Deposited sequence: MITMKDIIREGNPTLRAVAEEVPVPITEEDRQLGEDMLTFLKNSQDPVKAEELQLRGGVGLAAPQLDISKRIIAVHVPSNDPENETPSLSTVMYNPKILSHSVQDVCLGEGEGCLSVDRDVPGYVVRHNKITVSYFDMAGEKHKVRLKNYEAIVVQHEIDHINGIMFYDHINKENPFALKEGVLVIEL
């Protein structure tokens, strides 16, 4: 089962590499990995299990974070709960958005203050565990989570987006989500 022991941290080069496309039809191993990833997210959100297993809560996870350089992401937003294989953003809004409390990441063991501005709306295509294609329109928090995970498969970390000089600057027009 995935626990914090399996999640690599900032400094590990795999987090900055570009993940490899996975085969379609989906391999049984990639299917299994996806299942284990979703199970981790659910476990991390269960107050009791999170304590038992000493897990940090998370709403998304990308294969590279497990030192598996593959384009596989799992999301469990408290809704949206699924595993996306070879996900790609086909289009996005002009309008941007950011979480008022900033972002964190299971691979980052330090607090990095500041706004992470992303697109408020995105259209994403992906293959599910059965290798069947889906095209979904996401927005707000769900869009933020998916962009955070897709960034991982492109070797990008949330803090790469922070304006170090002015971390809480808010360009006129950007939306804010407060959880």
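Novice: When the deposited sequence is counted from residue 1, which ranges lack any model?
Specialist: The deposited sequence has one unmodelled segment, at 79-87.
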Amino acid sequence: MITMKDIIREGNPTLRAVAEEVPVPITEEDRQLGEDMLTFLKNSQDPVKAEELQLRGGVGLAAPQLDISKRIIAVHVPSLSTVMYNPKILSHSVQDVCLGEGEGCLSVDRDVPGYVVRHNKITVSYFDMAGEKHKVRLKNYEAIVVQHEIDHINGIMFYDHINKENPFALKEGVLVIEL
From here on, numbers count along this sequence of modelled residues.
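Novice: Where do the C-alpha atoms have the higher mean temperature factor in this entry, in 109-117 or in 53-61?
Specialist: Between 53-61 and 109-117, it is 109-117 that shows the higher mean C-alpha B-factor.
Novice: Comparing average C-alpha B factors as deposited, tell me which of 19-27 and 5-13 sits higher.
Specialist: On average, C-alpha B-factors are higher across 5-13.
Novice: Pull the Cα B-factor of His92 out of the PDB entry and bin it into the chain's lowest, middle or highest third.
Specialist: For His92, the deposited C-alpha B-factor lands in the highest third.
Novice: Ranked by Cα temperature factor within the chain, is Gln32 in the lowest third, the middle third or the highest third?
Specialist: Ranked within chain, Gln32 CA B lands in the lowest tercile.
Novice: By the record's CA B-factor, is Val83 among the lowest, middle or highest third of residues in the chain?
Specialist: Bottom third by C-alpha B-factor.
Novice: Give the position of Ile72 by CA B-factor within its chain, expressed as the lowest, middle or highest third.
Specialist: Its C-alpha B-factor belongs to the lowest third of this chain's values.
Novice: Could you say whether, by C-alpha temperature factor, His152 belongs to the lowest, middle or highest third of its chain?
Specialist: Lowest third.
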